[PDB]
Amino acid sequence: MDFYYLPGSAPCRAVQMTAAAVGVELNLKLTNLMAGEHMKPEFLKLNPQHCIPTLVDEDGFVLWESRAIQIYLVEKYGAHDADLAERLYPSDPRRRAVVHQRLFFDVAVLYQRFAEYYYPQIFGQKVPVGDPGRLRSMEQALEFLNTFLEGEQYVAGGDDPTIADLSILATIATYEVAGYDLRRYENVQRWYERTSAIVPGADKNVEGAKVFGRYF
C-alpha cells in the first residue's frame, strides 16, 4: 500500500496513526510539494486533485482525503479485528454520526481556520502578523472543541479513541507546534496530552508536527 505523504502534513499524520492502529504497514512515498512532485503526471494520473495524503492500495485503487482514507483503512483493513473496528469507528448510527460530524468539523472548521490564520504567516507572502478576525475565528473553533470535550474523554464520545480523535490529534499537534497556547482551552489540552500518551503512532504525530514547526 503506497502512501504519498509529507511528515509535516497533519492529514498525512492522521492516516499514519490510523494505519498503525489497524496494523497496516504503509509504503512511504515522500512527495515533495515545494519541489512540485504532486504535479508530475504519475501523481496526477493517480490523483487529478494533486493532493497528499494519497493512498494506492493492493489493487491500484487510489484514494485521497485523509478522513476518507481513515474510514477505508478501518472498514477494509481493520475488519479482521472486529472489536478494534468497532472502537475506532463505532457502527451504531448515532455514535457513528457524531464521529462523522467531528471529522467534518476537523476538515471544515478546526484545521481550515488554523490554515487561514497561519498559512499567510508561514507560507507564500509570510505576513508578520496574523489577521485579528482570522484569529478570533480560529479561537472560536478551539472553543467549539473545548465544549465538545466537556465531560468527555474523547472528541466524539465513547470510552476509546475513534478515528475522529486521531484526525483531530493530527490537527491539534499542528496548533501546538505553531505556538498556540492550548492551555487556554482546558478540555482540549487535557484531551490532547492524554490521547497523545495512549494512541499508537502518536510518536510519528509529534515528530512530523515538529517538522511543520520549522515553518515558525
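In case it trips you up, residue 1 is the first one in the sequence shown, and so on.
S.K.: Looking at the entry, does 17-25 or 199-207 show the higher mean C-alpha B-factor?
M.R.: Of 199-207 and 17-25, the stretch with the higher C-alpha B-factor average is 199-207.
S.K.: Quick one: higher average CA temperature factor, 97-105 or 125-133?
M.R.: On average, C-alpha B-factors are higher across 125-133.
S.K.: Sort the modelled residues of this chain by their C-alpha B factor and say whether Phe43 lands in the lowest, middle or highest third.
M.R.: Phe43: CA B-factor falls in the highest third of its chain.
S.K.: What third of the chain, by the recorded C-alpha B-factor, contains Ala79?
M.R.: Highest third of the chain for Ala79's C-alpha B-factor.
S.K.: Ranking every modelled residue in this chain by its Cα temperature factor as given in the entry, which third contains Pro53?
M.R.: CA B-factor rank for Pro53: lowest third.
S.K.: When the deposited Cα B-factors of this chain's modelled residues are ordered and cut into thirds, is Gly179 in the lowest, the middle or the highest one?
M.R.: Its C-alpha B-factor, which the entry lists for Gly179, ranks in the lowest third among residues of this chain.
S.K.: Considering every modelled residue of the chain and its Cα B-factor in the PDB entry, is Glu37 in the lowest, middle or highest third?
M.R.: It belongs to the highest third of the chain when residues are ordered by C-alpha B-factor.
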